[PDB]
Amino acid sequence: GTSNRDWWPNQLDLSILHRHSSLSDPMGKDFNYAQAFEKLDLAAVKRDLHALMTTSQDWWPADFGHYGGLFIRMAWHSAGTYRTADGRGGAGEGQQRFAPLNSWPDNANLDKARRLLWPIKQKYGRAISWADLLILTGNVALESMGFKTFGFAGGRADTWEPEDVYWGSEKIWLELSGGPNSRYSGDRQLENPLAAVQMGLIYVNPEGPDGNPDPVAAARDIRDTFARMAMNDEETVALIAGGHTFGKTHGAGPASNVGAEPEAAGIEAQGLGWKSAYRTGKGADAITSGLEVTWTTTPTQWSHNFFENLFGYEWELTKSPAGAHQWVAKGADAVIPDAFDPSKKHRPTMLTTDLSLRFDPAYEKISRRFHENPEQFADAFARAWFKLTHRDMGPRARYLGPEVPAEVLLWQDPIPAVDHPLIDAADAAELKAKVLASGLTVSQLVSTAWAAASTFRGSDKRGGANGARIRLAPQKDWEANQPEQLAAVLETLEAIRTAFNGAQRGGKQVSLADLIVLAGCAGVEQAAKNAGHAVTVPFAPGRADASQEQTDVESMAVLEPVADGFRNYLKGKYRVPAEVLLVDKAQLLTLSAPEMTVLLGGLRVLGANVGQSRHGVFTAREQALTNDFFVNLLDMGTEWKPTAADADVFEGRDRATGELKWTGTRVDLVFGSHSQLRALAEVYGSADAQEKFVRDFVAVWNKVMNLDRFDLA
């Protein structure tokens, strides 16, 4: 059956904004996962998971009699898809159980791991999500094997269909670099937003870069991909050495024995995949990666043996029984136990990527310090495992249950507790009147509040106006935020705040974070008034102001908007067309297509464009909230053409006279071109739609202002 995607393979895809509707969701529209989880007996679930660790099933027998290593890898993989570039991937939505991640080659046989968990999932039902269960099971695996975790938070609601994520353009699984859809260019630069070296891998290739077994070169890839998953050198060495303290790899025979991945298998496989014709197909005969490495002398117990082996032998290149490159300890005794046969032992072995930890010079120093000071290794690994597995969960307000660590960590972008009375409605009116009397313009108020609130992304729940981080480095210096204008607005707001706060009794004060948002609301009210409409814009107080020391400047850099269609901003020229980047941003903002449409049309006429550009400002009453953008965009009296200077800018001329009326970008004009977007524009550009436009705009404005307000959830 030929589809629209076949006929117009580069048209824009709006379905990404309309996933996750109530239609695909089996839970009622009233289901609240946080409330269900709060009633879960978490201790009881952890007792069942402890029991599961050594209850081997015949259909996938446990190595060493203990599933701990398998489950740690399962949890690591659930979390390990994460990219800091867009916040997409991670454990937070339980996406490992859906295509494509359920069938990635690096997730081979994790289908068996997930299936082992079905009895517990069934027992507890909706009170524990798959997403939480995958992570909890990793924690319990670690605890069972002697390792004390830093903590655990529930609250990851399950999702019910695959996310739309750009995982790369390759059409072959695991394609090596340099092909027609290469993710690499230049001096082995990985394209943003990607965070893995090959399609279907988590981070790097365990044999080495593109299969070449050079541990020094592999270190380069490790460092780059882990950085792109928010991990520095110390965390990276702690995580790899930590994880590879446990368990083993599986490569007992040639890879050609392994059949179809889950999404390709027959219906009788009942959701499992990679069935193997090699001997029994499982247990001692298991094939997963094709490598055959067991790192420690006690694979089911926490030890300091990883670094003892790493530094204690010299390593020789060799091949697994599937033909894969791996390393064996020169002249070692057979000290490693076998997984099934008590009468066999093996020499210590390593992956190329394990040797990276010793032969990259910066890693080597960390690895040595961890070898000499295992307490530091244990602490770093615990902190890094917590980070890895919670990275995409958002503000601390979302953390549920009795095991949440009390220590606040820098990576969480923390927000101080509010310890004073909040402003009430009378105080809000007083502050909005002051803001309006100060001489700040609609355009300045709207642009500042948009700049503050629209850093939010729902993918990892980072960003938003809470914290007033727009006043700190680096947000205050981002080109999209118009630094000089921003500084003048913030200075006027700060004086207003200082004056209000100094006049108070009883400890009441207003944060700058709240006042920025409140001032934006006043701007929207004033604009509606300018258009002859009487509008109150909703406002919820309670934001607090974070300090510069609570704001990691490097980590913040990935939230910089290099494309923001809502302010008609593009930081440079990109391979991806700007309207694709607009839809991408709308998706991160959690907007539907109707919301994106109304929001953008309104921002254009309120003066939210960067640099005061006239592009898309299709009104003669700027700073008045009207549907002018739509009515003028859809006017057939105007003809549009790309400019001579720039193919991405368009001139709109009176069809009869030739006179120039407007200019716009691809982002402006896509609303009059794409057939679904134009149908939306039509609704708002109709003669009966003025009040609907205003009201819809206020609702989406308020939605954006509140995106990070999990303290009110």
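Take the two forms, superpose them, and find the largest set of C-alpha atoms that agree within 1.5 Å; that set is the rigid core. One rule holds for the numbers: they count along the sequence shown, beginning at 1.
Visitor: Using the rigid core for superposition, please say which stretch has the greater CA deviation in 5 other deposited structures of this protein, 442-450 or 425-433.
Guide: Higher root mean square deviation of C-alphas in 5 other deposited structures of this protein is shown by 425-433.
Visitor: Determine, for 501-509 and 171-179, which one has C-alphas that on average lie farther from this form in 5 other deposited structures of this protein; superpose on the rigid core first.
Guide: Of the two stretches, the larger average C-alpha offset in 5 other deposited structures of this protein falls on 501-509.
Visitor: Using the B-factors recorded in the PDB entry, average over the C-alpha atoms of 479-487 and of 113-121, then report which stretch comes out higher.
Guide: Higher mean C-alpha B-factor: 479-487.
Visitor: With reference to the PDB entry, specify whether the mean Cα temperature factor is higher for 504-512 or for 561-569.
Guide: Looking at the recorded C-alpha B-factors, 504-512 comes out higher on average.
Visitor: I'd like to know which of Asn192, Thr137, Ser78, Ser144 has the highest C-alpha temperature factor in the PDB entry.
Guide: In the PDB entry, the greatest C-alpha B-factor among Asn192, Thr137, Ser78, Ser144 is found at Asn192.
Visitor: For the listed residues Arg368, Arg73, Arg126, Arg156, which one has the largest C-alpha B-factor as given in the deposited model?
Guide: The listed residue with the largest C-alpha B-factor is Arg368.
Visitor: Can you tell me whether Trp60 has a C-alpha B-factor in the lowest, middle or highest third compared with the other modelled residues of the same chain?
Guide: It belongs to the middle third of the chain when residues are ordered by C-alpha B-factor.
Visitor: Among the chain's modelled residues, which third holds the C-alpha B-factor of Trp385?
Guide: As the PDB entry reports it, the C-alpha B-factor of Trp385 lands in the lowest third of its chain.
Visitor: Among all modelled residues of this chain, ranked by Cα B factor, put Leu606 in the bottom, middle or top third, i.e. lowest, middle or highest.
Guide: According to the entry, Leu606 has a C-alpha B-factor in the chain's middle third.
Visitor: Sort the modelled residues of this chain by their C-alpha B factor and say whether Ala217 lands in the lowest, middle or highest third.
Guide: It falls in the bottom third of the chain.
Visitor: By the recorded C-alpha temperature factor, relative to the other modelled residues in its chain, which third is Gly652 in?
Guide: Highest third - that is where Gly652 ends up once the chain's C-alpha B-factors are sorted.
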